[PDB]
Chemist: 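Have a look at the structure that comes next, please.
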Amino acid sequence: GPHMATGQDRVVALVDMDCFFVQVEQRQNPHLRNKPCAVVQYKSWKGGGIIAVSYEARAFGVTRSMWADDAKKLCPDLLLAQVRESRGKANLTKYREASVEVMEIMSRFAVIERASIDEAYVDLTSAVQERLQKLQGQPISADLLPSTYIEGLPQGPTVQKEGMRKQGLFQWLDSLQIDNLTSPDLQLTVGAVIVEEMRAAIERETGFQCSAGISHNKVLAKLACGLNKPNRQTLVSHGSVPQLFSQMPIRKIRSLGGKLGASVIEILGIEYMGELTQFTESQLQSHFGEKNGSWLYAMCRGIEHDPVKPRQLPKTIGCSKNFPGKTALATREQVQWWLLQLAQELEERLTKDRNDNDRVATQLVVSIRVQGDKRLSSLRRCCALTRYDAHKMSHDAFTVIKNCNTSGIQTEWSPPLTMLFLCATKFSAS
DNA sequence: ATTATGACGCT
DNA sequence: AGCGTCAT
Ligand SMILES: Nc1nc2c(ncn2[C@H]2C[C@H](O)[C@@H](COP(=O)(O)NP(=O)(O)OP(=O)(O)O)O2)c(=O)[nH]1
Ligand SMILES: [Mg+2]
Ligand SMILES: [Mg+2]
């Protein structure tokens, strides 16, 4: 009743750049704009692997993870841009720099948490209180929400999508009590106004379009963001959760798309998020552990407490390359050469990070994969990172991994290596 | 032969 | 510390 917390204390948004790497390449090359196009890394093997797809190309069935040659079968006029190659490997610097452009604009409006190269959570609670004081009980005009969808509306008592959007928004605004400065629905609405402004600023100052979700926590904001892509934003209210979750496959919720979600489905014999409400918190904890069980009990009611961490910069800076099938490294000279290439890229990125961000990494993590292992990492070993020197870093990585070489011979490497990975971690202010 | 990252939980 | 899971 009156003591049952409803998880409506915060306003949280999730901003995700639409087909990011594609947009970066389309800004640079106008010939790619408003076309089916995709971004690929490498080229020789099956045309390269697609990692980003414009919405025009998605209409033909092109997806991430698809080989470019296969995508061309679905979409013969697909345009391709290739990721830059440096020191023998894909180099993603152009997209990281574009990411920084966007994140610095977002940070003008509120403290953000960088969740990926192209997505950030925003805690808008305080900004919303400020705007509410400025409004002075003035209603919110639909004109201030020109790209906003209200999930679940319209309902009750009509052909085109923009008309649908406007009907739902009008129903939402008509039911708003702008008198009450602590109304959660009002707070979400003002949050949506602020996100319209943030998205307008991003597009004006970078050329990039994005989608966004506005709700009371990170998981609902993330789910909301996906409901109306591209170039739109969606408000998911607390009240919309029962209907939304009643047909929502468990795997759609961030963190339940893998083994844990499969176990929820299999153990409980359910399919949809909403079905979780019928279990007690102790029941869920008994199946899935204390932490997961409490999290699921709250999440299926729309409640989640994970804070938006004030963290605009990545916590690690890493370099990795796969050596699949027959390209695997089977000589010591090979392993040393590729460790050096990875370490030279890492040195370049670390030196730029130190100059930009007043910090220094102190730990080097070396990960390898050996032929035959189905795991991402076969071995992970750390050593000290005391100088930004590529030859030192590559020598240190070789020292920590050299005992994996089964070959009695000194020149050969067996079993051959199918992945190398260097990661700088444990930053300190400098 | 998807690949290149990056975050975080467990023990 | 090293490994696994979840992303994508
Ligand atoms: N190197 C690499 N980059 C990747 C990979 N997957 C994605 N990227 C890169 C390329 C992506 O552009 C970027 C952002 O990832 P998303 O937000 O998941 N996809 P997007 O923004 O394209 O589409 P949407 O409109 O649905 O949000 O990360 C990968 O496996 N490897
Ligand atoms: Mg995106
Ligand atoms: Mg993203």
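Each chain gets a letter, A, B and so on, in the order the sequences are listed, and its residues count up from 1.
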Chemist: Does any N or O donor sit under 3.5 Å from an N or O acceptor when you compare the side chain of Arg380(A) with the base of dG4(C)?
Modeler: yes

Chemist: Would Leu256(A) and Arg251(A) satisfy side-chain contact (heavy atoms from CB on, under 4.5 Å), going step by step from the backbone distance to the final call?
Modeler: CA-CA 5 Å; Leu256(A) 300 180; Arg251(A) 68 175 176 279; 5.8 Å; no

Chemist: For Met419(A) and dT2(B), give me the distance from atom CE to atom P, rounded to whole Å.
Modeler: 16 Å

Chemist: Using atom CG of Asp306(A) as one end and atom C1' of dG9(B) as the other, report the distance to the nearest whole Å.
Modeler: 13 Å

Chemist: Whole-Å distance between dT5(B) P and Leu346(A) CG?
Modeler: 10 Å

Chemist: With nearest nucleotide decided by heavy atoms, which residue, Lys309(A) or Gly325(A), maps closer to the 5′ end of DNA chain B?
Modeler: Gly325(A)

Chemist: Categorize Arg251(A) for me: base, sugar-phosphate, or nothing, with a 4.0 angstrom heavy-atom threshold over every strand shown.
Modeler: nothing

Chemist: Quick one: on DNA chain C, does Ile253(A) or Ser378(A) contact a more 5' nucleotide (nearest heavy atom)?
Modeler: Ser378(A)

Chemist: Indicate, with a heavy-atom threshold strictly under 4.0 Å, whether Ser320(A) touches base, sugar-phosphate, or nothing.
Modeler: base

Chemist: Measure from the side chain of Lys291(A), starting at C-beta and using heavy atoms only, and say which of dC10(B), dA7(B), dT5(B) lies closest.
Modeler: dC10(B)

Chemist: At under 4.0 Å between heavy atoms, what does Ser116(A) touch on the DNA or RNA strands: base, sugar-phosphate, or nothing?
Modeler: nothing

Chemist: Atom CG of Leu417(A) and atom P of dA1(B): how far apart are they, to the nearest Å?
Modeler: 14 Å

Chemist: Should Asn322(A) be listed as having a side-chain N or O under 4.0 Å from OP1 or OP2 of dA4(B)?
Modeler: yes

Chemist: Need one value for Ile117(A): base, sugar-phosphate or nothing, where a base atom within 4.0 Å counts as base even if backbone is also close, heavy atoms only.
Modeler: nothing

Chemist: So, taking the atom named OG1 in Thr411(A) and the one named CD in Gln334(A), what distance separates them when rounded to the nearest 0.5 Å?
Modeler: 11.5 Å

Chemist: Any base atoms under 4.0 Å from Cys319(A), or only sugar-phosphate, or nothing? Heavy atoms, all strands.
Modeler: sugar-phosphate

Chemist: Check the phosphate of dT5(B) against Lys89(A), side-chain N and O only, distance under 4.0 Å to OP1 or OP2. Yes or no?
Modeler: yes

Chemist: Between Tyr42(A) and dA4(B), is there a contact of a side-chain N or O with OP1 or OP2 at under 4.0 Å?
Modeler: yes

Chemist: Where do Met273(A) and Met299(A) land on the side-chain contact (heavy atoms from CB on, under 4.5 Å) test, with the steps shown first?
Modeler: CA-CA 9 Å; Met273(A) 257 330 270; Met299(A) 190 82 246; 4.0 Å; yes

Chemist: So which nucleotide from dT2(B), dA1(C), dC10(B) ends up closest to the side chain of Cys382(A)?
Modeler: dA1(C)

Chemist: Would you indicate what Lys46(A) reaches in the nucleic acid, counting non-hydrogen atoms under 4.0 angstrom: base, sugar-phosphate, or nothing?
Modeler: nothing

Chemist: Nearest whole angstrom, please: distance from the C1' of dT5(B) to the OH of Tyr95(A).
Modeler: 14 Å

Chemist: To the nearest Å, give me how far apart CZ (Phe421(A)) and P (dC3(C)) are.
Modeler: 14 Å

Chemist: For the pair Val83(A) and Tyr95(A), evaluate side-chain contact (heavy atoms from CB on, under 4.5 Å) and give the outcome as yes or no after the intermediate values.
Modeler: CA-CA 9 Å; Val83(A) 176; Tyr95(A) 315 104; 3.9 Å; yes

Chemist: Picking from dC6(C), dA1(C), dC8(B), which would you name as closest to the side chain of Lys259(A)?
Modeler: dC6(C)

Chemist: Base, sugar-phosphate, or nothing: which does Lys315(A) touch, judged by heavy atoms less than 4.0 Å apart?
Modeler: sugar-phosphate

Chemist: Between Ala115(A) and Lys321(A), which has a closest nucleotide on DNA chain B that is more 5'?
Modeler: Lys321(A)

Chemist: I need the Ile253(A) CD1 to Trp295(A) CH2 distance, nearest 0.5 Å.
Modeler: 7.5 Å

Chemist: Where the side chain of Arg311(A) is defined as all heavy atoms beyond and including C-beta, which of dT5(B), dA7(B), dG2(C) is the nearest nucleotide?
Modeler: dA7(B)

Chemist: Using the P atom as the reference point in each nucleotide, state the distance between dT8(C) and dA1(B) in Å, no decimals.
Modeler: 24 Å

Chemist: Just call it for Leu420(A): base, sugar-phosphate, or nothing, with non-hydrogen atoms closer than 4.0 Å on any strand.
Modeler: nothing

Chemist: Going by the rule side chain to side chain donor-acceptor pair (under 3.5 Å), which residues pair with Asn292(A) if we only count those two or more places apart in sequence or in a different chain?
Modeler: none

Chemist: When rounded to the nearest 0.5 angstrom, what distance separates NZ in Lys222(A) from OH in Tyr121(A)?
Modeler: 5.5 Å

Chemist: Can you confirm whether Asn231(A) sits close enough to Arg199(A) that some side-chain heavy atom of one is under 4.5 Å from a side-chain heavy atom of the other?
Modeler: yes

Chemist: Have a look at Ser255(A) and say if it touches a base, only the backbone sugar-phosphate, or nothing, with a 4.0 Å heavy-atom cut-off.
Modeler: sugar-phosphate

Chemist: Between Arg349(A) and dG6(B), does any side-chain N or O lie under 4.0 Å from OP1 or OP2?
Modeler: yes

Chemist: Expressed as a whole number of angstroms, how long is the span from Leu385(A):CG to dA1(C):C1'?
Modeler: 17 Å

Chemist: Whole angstrom is fine here: how far is it from CD in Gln41(A) over to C1' in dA1(B)?
Modeler: 13 Å

Chemist: Report which part of the nucleic acid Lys426(A) touches: base, sugar-phosphate, or nothing (heavy-atom distance under 4.0 Å, all strands).
Modeler: nothing

Chemist: So, is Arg64(A) near the phosphate of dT2(B), with a side-chain N or O under 4.0 Å from OP1 or OP2?
Modeler: no

Chemist: Would you indicate, yes or no, if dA7(B) has its OP1 or OP2 atom less than 4.0 angstrom from a side-chain nitrogen or oxygen of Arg254(A)?
Modeler: no

Chemist: Heavy atoms under 4.0 Å, any strand shown: does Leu379(A) hit a base, just sugar-phosphate, or nothing?
Modeler: sugar-phosphate

Chemist: Counting heavy atoms from C-beta on, name the nucleotide in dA4(B), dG6(B), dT2(B) closest to the side chain of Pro314(A).
Modeler: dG6(B)

